[PDB]
């Protein structure tokens, strides 16, 4: 095998915000939450389009567990179990291949981190709307 340089496709983005998080997806066929990944959740703004996406990668394997535009339409809601998590509906996530809809929950270290996430997620929704 030869060394392959081929890259992250994040080189034309600015990191608006980064936070440690645990991502879950709702499985409707079971009545349950399944973990999808733990790692850094980043809001990445395309330097050409000014569009903002969430891109989250798992620790160690660096595999992608969330890759979707922060759509203005989306709404962050509390989960009844937690003071440090948001749930929201995603209509087009490509972490695992072709675009699919999910209900995600994202949980943070503290209520303070969950609070900053919301403020940044809504800031990003504004960026995305007005461009």
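Numbering follows the first chain given and starts at 1.
Worksheet item: Looking only at CA atoms, which has the higher mean B factor in the entry: 1 to 9 or 121 to 129?
Response: Per the PDB record, 1 to 9.
Item to complete: Check the entry's C-alpha temperature factors for 43 to 51 and 59 to 67, then say which stretch has the higher mean.
Response: That would be 43 to 51.
Worksheet item: With respect to C-alpha B-factor, does residue 97 fall in the lowest, middle or highest third of the chain as deposited?
Response: Residue 97: CA B-factor falls in the highest third of its chain.
Worksheet entry | Ranked against its chain, the third holding the CA B-factor of residue 30 | It belongs to the highest third of the chain when residues are ordered by C-alpha B-factor.
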